[PDB]
Amino acid sequence: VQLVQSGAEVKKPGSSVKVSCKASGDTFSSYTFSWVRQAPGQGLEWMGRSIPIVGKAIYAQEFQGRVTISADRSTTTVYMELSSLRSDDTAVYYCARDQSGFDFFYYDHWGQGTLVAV
Amino acid sequence: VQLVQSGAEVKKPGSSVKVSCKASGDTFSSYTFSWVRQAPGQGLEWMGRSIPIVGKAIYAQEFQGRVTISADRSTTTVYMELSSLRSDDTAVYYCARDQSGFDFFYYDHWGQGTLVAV
Amino acid sequence: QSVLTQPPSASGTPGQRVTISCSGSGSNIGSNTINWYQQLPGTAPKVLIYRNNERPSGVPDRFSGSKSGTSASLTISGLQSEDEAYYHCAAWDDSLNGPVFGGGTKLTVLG
Amino acid sequence: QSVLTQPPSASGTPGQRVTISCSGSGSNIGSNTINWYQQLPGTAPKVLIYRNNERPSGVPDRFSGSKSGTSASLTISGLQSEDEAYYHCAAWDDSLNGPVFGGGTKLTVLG
């Protein structure tokens, strides 16, 4: 699992969020990449999970519908966009293959991550 | 839902206490009063729970008898009789409507109360 | 005497948040929700928090309650003049097959 | 801000055993297993303990986890210079119906 992720981005508050997570060396149709952010000093913070097949997704109860997670099987990528952009958003966004059992359940291998400063 | 209980009762120890609370502006058949013991400035204590239909009732786990239930649907009234009075019986009777669900269980409201001195 | 162990008395100034804890057993608290009752002195008791997650009749949302294991805690953030009341825990018990009740905790308003 | 609470930073001498705590309620700790992740400073997090008992082969025996009711303790043990990392306790939460994580503890290697 090479785990490809986009670079660090600082577009400022009220702008946009871009987080592409590319699968590599594995089958993406059975491997998803759920998203976790780290608030400084607050540890890991769950934001959502994706299903490459069908297209179903689950978002954090705290987060609104503004967070948008989708998957592209042809390019084997997971696309995450957050409409909200505030000072609290500043975090490093990490997406991980979800373990095993067709890989939708619980985090094992996080990628390099994308530090977003807002 | 307004419940009207009897007034202050003073009774000699070892005697019998008759106390009733009335149903007003409601379906007495579909309402039940589960009597609750209440010592002044002290924790509540369940006595019994009855139903107007058939007349089935359940009493305190500690006391197999002690208190007898009766219910009259025509007068929409519930009567409680206590026997073998003791000094510990100086407390209040609060009745109680039974929340929802055809009003056979749980507690929602209470009658003004009936203070008894033994 | 009460199965549910409540403190006998408590104090609190207006405006602050205070918790009251009642503990019971796993058959009545760990297997059933607890119900918190409030009772102004000299008056009939009312219901403050029920099902641990809702208020029966639009009761001030500043009131709250939590349940964990065999323990429950009522937290109120917004102390006010007529908050002096007796607070009770109630829960069904399968071993006794009846509603077991707490010993009642008096919340007062300090000067 | 996280639901699960962890110490901010626990330090110990090399060779010594260090305990990291994770406290919560029975909804996520009592009802669901506790797991411990570690991330080295500047590196992606790697699994340390999952389901409180099994480890992913490479992990040495020093790292162990214990769960008691609503509390969890990870005894890292055998402190080495590379122990310095952020430690996060994680569990499924039924109230939130999702993964929840701890506040994170910064292990420090003393001289």
# chains A, B, ... in the order shown; residues from 1 in each chain; ligands from 1
$ select_by_dssp --residues "chain A" --states "strand (DSSP E or B)" --output "MDAnalysis selection string"
chainID A and resid 4:5 9 19:22 33:39 43:50 57:59 68:72 77:81 91:97 109:110 114:116
$ calpha_fit_and_write --fixed "chain B" --moving "chain A" --output "CSV table (one decimal) with C-alpha atoms, in the first residue's frame"
chain,number,residue,atom,x,y,z
A,1,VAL,CA,-55.7,16.4,34.9
A,2,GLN,CA,-57.2,18.2,38.0
A,3,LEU,CA,-56.1,15.2,40.2
A,4,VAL,CA,-58.5,15.0,43.2
A,5,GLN,CA,-57.1,13.4,46.4
A,6,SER,CA,-58.5,13.0,50.0
A,7,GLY,CA,-57.4,15.2,53.0
A,8,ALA,CA,-54.6,14.7,55.5
A,9,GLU,CA,-55.4,12.0,58.1
A,10,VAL,CA,-53.9,11.2,61.6
A,11,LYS,CA,-55.8,8.2,63.1
A,12,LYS,CA,-52.8,7.1,65.3
A,13,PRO,CA,-50.9,3.7,65.1
A,14,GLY,CA,-53.0,0.5,65.1
A,15,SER,CA,-56.0,2.3,63.5
A,16,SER,CA,-56.8,2.5,59.7
A,17,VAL,CA,-55.7,4.3,56.4
A,18,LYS,CA,-58.0,6.0,54.0
A,19,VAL,CA,-56.7,7.4,50.6
A,20,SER,CA,-59.2,8.0,47.8
A,21,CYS,CA,-57.7,9.4,44.6
A,22,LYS,CA,-60.4,10.8,42.2
A,23,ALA,CA,-59.8,11.2,38.5
A,24,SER,CA,-61.2,14.4,36.9
A,25,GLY,CA,-61.2,15.8,33.3
A,26,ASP,CA,-60.1,12.5,31.8
A,27,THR,CA,-61.0,8.9,31.1
A,28,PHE,CA,-60.5,6.8,34.3
A,29,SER,CA,-61.0,3.4,32.5
A,30,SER,CA,-57.7,4.0,30.7
A,31,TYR,CA,-56.0,6.1,33.4
A,32,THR,CA,-54.8,4.6,36.7
A,33,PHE,CA,-53.3,6.2,39.8
A,34,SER,CA,-50.2,4.2,41.2
A,35,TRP,CA,-49.3,5.1,44.9
A,36,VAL,CA,-45.9,6.5,46.1
A,37,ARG,CA,-45.1,7.7,49.7
A,38,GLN,CA,-42.3,10.0,50.8
A,39,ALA,CA,-40.4,9.0,53.9
A,40,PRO,CA,-38.9,12.2,55.5
A,41,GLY,CA,-35.3,12.6,54.2
A,42,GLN,CA,-35.6,9.2,52.3
A,43,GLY,CA,-37.1,10.6,49.1
A,44,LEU,CA,-39.8,8.9,47.1
A,45,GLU,CA,-40.8,5.3,48.1
A,46,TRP,CA,-42.9,3.0,45.7
A,47,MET,CA,-45.9,1.2,47.3
A,48,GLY,CA,-48.0,-0.1,44.3
A,49,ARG,CA,-49.9,0.2,41.1
A,50,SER,CA,-53.5,-0.4,40.0
A,51,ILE,CA,-55.4,-1.4,36.9
A,52,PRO,CA,-59.0,0.0,36.7
A,53,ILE,CA,-60.0,-2.7,34.2
A,54,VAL,CA,-60.2,-6.3,35.3
A,55,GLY,CA,-59.0,-5.3,38.7
A,56,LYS,CA,-55.4,-6.5,38.7
A,57,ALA,CA,-52.9,-4.7,41.0
A,58,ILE,CA,-49.2,-4.9,42.0
A,59,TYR,CA,-47.9,-4.2,45.5
A,60,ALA,CA,-44.4,-3.3,46.7
A,61,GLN,CA,-42.1,-6.3,47.4
A,62,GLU,CA,-41.2,-4.8,50.8
A,63,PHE,CA,-45.0,-4.3,51.5
A,64,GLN,CA,-47.1,-7.4,52.4
A,65,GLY,CA,-50.6,-8.2,51.1
A,66,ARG,CA,-51.9,-5.9,53.8
A,67,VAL,CA,-51.8,-2.9,51.4
A,68,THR,CA,-55.0,-3.0,49.3
A,69,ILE,CA,-55.4,-1.0,46.1
A,70,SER,CA,-58.6,-1.1,44.0
A,71,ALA,CA,-60.4,1.0,41.4
A,72,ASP,CA,-64.0,2.1,40.8
A,73,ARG,CA,-64.8,3.1,37.2
A,74,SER,CA,-68.3,4.3,37.9
A,75,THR,CA,-67.0,6.9,40.4
A,76,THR,CA,-63.6,7.1,38.8
A,77,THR,CA,-61.7,6.7,42.0
A,78,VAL,CA,-58.6,4.7,43.2
A,79,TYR,CA,-59.0,3.4,46.8
A,80,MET,CA,-55.8,2.6,48.8
A,81,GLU,CA,-55.9,1.1,52.4
A,82,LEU,CA,-52.8,0.0,54.4
A,83,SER,CA,-53.5,-2.4,57.3
A,84,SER,CA,-50.0,-1.7,58.9
A,85,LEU,CA,-49.7,1.5,61.0
A,86,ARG,CA,-46.3,2.2,62.6
A,87,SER,CA,-44.1,5.2,63.3
A,88,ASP,CA,-42.2,4.5,60.1
A,89,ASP,CA,-45.5,4.7,58.1
A,90,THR,CA,-45.8,8.5,58.7
A,91,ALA,CA,-45.5,9.9,55.1
A,92,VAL,CA,-47.3,11.9,52.4
A,93,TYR,CA,-49.2,9.6,50.0
A,94,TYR,CA,-49.2,10.7,46.3
A,95,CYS,CA,-51.0,9.0,43.4
A,96,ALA,CA,-50.0,9.9,39.8
A,97,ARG,CA,-51.5,9.2,36.3
A,98,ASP,CA,-49.0,6.7,34.9
A,99,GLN,CA,-47.7,8.6,31.8
A,100,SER,CA,-49.2,7.2,28.6
A,101,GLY,CA,-49.6,4.0,26.5
A,102,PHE,CA,-52.9,3.3,28.2
A,103,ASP,CA,-51.4,4.8,31.4
A,104,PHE,CA,-50.1,2.0,33.6
A,105,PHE,CA,-46.4,2.7,33.2
A,106,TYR,CA,-44.3,5.2,35.2
A,107,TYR,CA,-45.2,8.3,37.1
A,108,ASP,CA,-45.8,11.7,35.5
A,109,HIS,CA,-48.4,13.9,37.4
A,110,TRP,CA,-48.7,13.4,41.2
A,111,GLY,CA,-51.8,14.7,43.0
A,112,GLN,CA,-51.9,17.1,46.0
A,113,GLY,CA,-51.1,14.1,48.3
A,114,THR,CA,-52.3,12.9,51.8
A,115,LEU,CA,-49.9,13.6,54.7
A,116,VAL,CA,-50.5,10.7,57.2
A,117,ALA,CA,-48.9,11.1,60.7
A,118,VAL,CA,-48.6,7.9,62.8
$ residues_around --residues "residue 90 of chain C" --least-positions-apart "2" --cutoff "12 Å" --atoms "only C-alpha atoms" --output "PyMOL selection string"
(chain B and resi 36+43-46+106-108) or (chain C and resi 2-6+22-24+28-29+32-38+47-52+72+87-88+92-93+98-104)
$ closest_atom_pairs --of "chain C" --to "chain D" --cutoff "9 Å" --atoms "only C-alpha atoms" --output "Markdown table"
| residue | atom | partner | partner_atom | distance |
| --- | --- | --- | --- | --- |
| C:67 | CA | D:25 | CA | 8.6 |
| C:68 | CA | D:25 | CA | 5.7 |
| C:69 | CA | D:26 | CA | 6.0 |
$ write_last_selection --atoms "C-alpha atoms" --output "PDB file, in the first residue's frame"
ATOM      1  CA  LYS C  67     -26.043   7.703  32.501  1.00  0.00           C
ATOM      2  CA  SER C  68     -22.972   5.453  32.541  1.00  0.00           C
ATOM      3  CA  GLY C  69     -22.815   1.885  33.803  1.00  0.00           C
TER       4      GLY C  69
END
$ residues_around --residues "residue 40 of chain C" --least-positions-apart "6" --cutoff "7 Å" --atoms "only C-alpha atoms" --output "VMD selection string"
chain C and resid 84 to 86
$ write_last_selection --atoms "N, CA and C atoms" --output "PDB file, in the first residue's frame"
ATOM      1  N   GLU C  84     -34.325  25.545  44.355  1.00  0.00           N
ATOM      2  CA  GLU C  84     -34.306  24.769  45.593  1.00  0.00           C
ATOM      3  C   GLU C  84     -35.358  23.673  45.503  1.00  0.00           C
ATOM      4  N   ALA C  85     -34.922  22.421  45.407  1.00  0.00           N
ATOM      5  CA  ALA C  85     -35.877  21.336  45.231  1.00  0.00           C
ATOM      6  C   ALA C  85     -35.228  20.012  45.602  1.00  0.00           C
ATOM      7  N   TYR C  86     -36.109  19.032  45.854  1.00  0.00           N
ATOM      8  CA  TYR C  86     -35.644  17.650  46.119  1.00  0.00           C
ATOM      9  C   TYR C  86     -35.615  16.925  44.774  1.00  0.00           C
TER      10      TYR C  86
END
$ atom_distance --atom1 "atom CA of residue 64 of chain C" --atom2 "atom CA of residue 15 of chain C"
14.9 Å
$ atom_distance --atom1 "atom CA of residue 62 of chain C" --atom2 "atom CA of residue 76 of chain C"
6.2 Å
$ residues_around --residues "residue 11 of chain C" --least-positions-apart "3" --cutoff "7 Å" --atoms "only C-alpha atoms" --output "list in words"
residues 107, 108, 109 and 110 of chain C
